[PDB]
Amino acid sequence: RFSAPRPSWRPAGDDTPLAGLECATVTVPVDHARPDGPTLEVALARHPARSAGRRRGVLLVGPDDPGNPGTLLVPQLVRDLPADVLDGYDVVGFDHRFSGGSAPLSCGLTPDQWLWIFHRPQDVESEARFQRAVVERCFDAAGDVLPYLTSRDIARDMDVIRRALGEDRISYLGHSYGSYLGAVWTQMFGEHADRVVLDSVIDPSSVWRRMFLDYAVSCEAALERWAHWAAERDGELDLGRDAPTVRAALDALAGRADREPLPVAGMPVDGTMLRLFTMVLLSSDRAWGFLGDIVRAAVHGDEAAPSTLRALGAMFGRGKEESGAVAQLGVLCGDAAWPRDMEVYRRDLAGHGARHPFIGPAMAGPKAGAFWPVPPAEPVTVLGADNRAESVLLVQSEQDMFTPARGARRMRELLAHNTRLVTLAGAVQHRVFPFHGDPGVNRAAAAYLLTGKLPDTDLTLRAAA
């Protein structure tokens, strides 16, 4: 096997968001079929179990989105996990290969190209050119390694990390993209799983273009609901007293931003940025006030609240990294071949795209993956009855923008033999355990992690107030 020495843990710098934790890297081969070839260093962050008598092993935590550093989940989990989980597990997060602190890639993409997923198009021809230019730039700069940026290669890295940690059976928690990494790792290596929690569950049948199409459906429906919520708040927002009037104001605002970016605290906010910010805020009903605030401010030429501004600054300001967009490109284009027929995209722009107009065209048109210059290395992972994980708990919000609840139900079908599902009804949220703070969900998931017992049948919990 590829050599996996025990990690060289050191205190995290107090110049990092990981202050207070421990850091190390694990070597992995770029090509797992060529262990004598080039390697990279995968960054880890650890919060050691608080209680030696309660410690049962390691809770490995994957990234929640391609390109998003999974090490940064560790502080969030220290903040929000039930205390007994933090007593019983070393929490170890990682930055997946070619992201974060794990050999991040830089390809000369401009900020507009960083938003290739959500980029608002003009027509099929211009968008094909825009999306192909992203691919060209990335392969020119990183074409030697991009073919090795896939979900299955990340899963292989997870198993090297497990071996380096010295755990024959390791536990796992992953959210969103991390749910998919966990599922893939269990399908490839599940005899090495202890307890596994997958939260906000990607539908395997959606990998990946269908997920984009579903984003447009989910966004449209959520925006229709938010427009009603905003119409009831015309006193404070002055956006209209019925949902069509509110939506027309937002559409006109976003169209203006498509033609000339809106200055917001000195940041040029174009339509792609505004619609992405909108979708993110829509995904949590606790954030709907931020959305009312930015739309009110931008429509009326007034100032948004400082907290709203700081949310835009966090999303698009100094901390935004090109490397995340390149990581998204590799995973989302590389895991499966996208349709190559331009007529598919023409059809779907006029159909799906027009039926879901807020982001439908951005989702349905000729994305980068259509132009990918290498074949798929491997089939997409097939989850099924041969999965060797002893047990998997699925946790899912009933109303989840980014990973609709149908995906958790699909996972519960594909992995019928070893899964149980906990659904949080009444929640409008993405990433539930533990960040939403629901006592019922958090205690059910903690009890599974600490005792290994799945609930007797799938459970629907009612979101506490």
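Residue positions are given as counts along the sequence shown, with the first one as 1.
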Could you settle it for me: does 29-37 or 397-405 have the higher average Cα B factor in the PDB entry? 29-37
Tell me which stretch has the larger mean Cα B-factor in this entry, 172-180 or 227-235. 227-235
Of the choices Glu191, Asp199, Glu378, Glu127, which one's C-alpha carries the largest B-factor in the record? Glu127
Going by the entry, which of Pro366, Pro104, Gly166, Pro244 has the most elevated CA B factor? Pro244
Third of chain Cα B-factors occupied by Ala446: middle
Based on the deposited C-alpha B factors for this chain, I'd like to know if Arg120 is in the lowest, middle or highest third. highest
Looking at the temperature factor on the CA atom of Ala19, which third of the chain's modelled residues does it land in? middle
Ranking every modelled residue in this chain by its Cα temperature factor as given in the entry, which third contains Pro306? middle
Ranking every modelled residue in this chain by its Cα temperature factor as given in the entry, which third contains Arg162? lowest
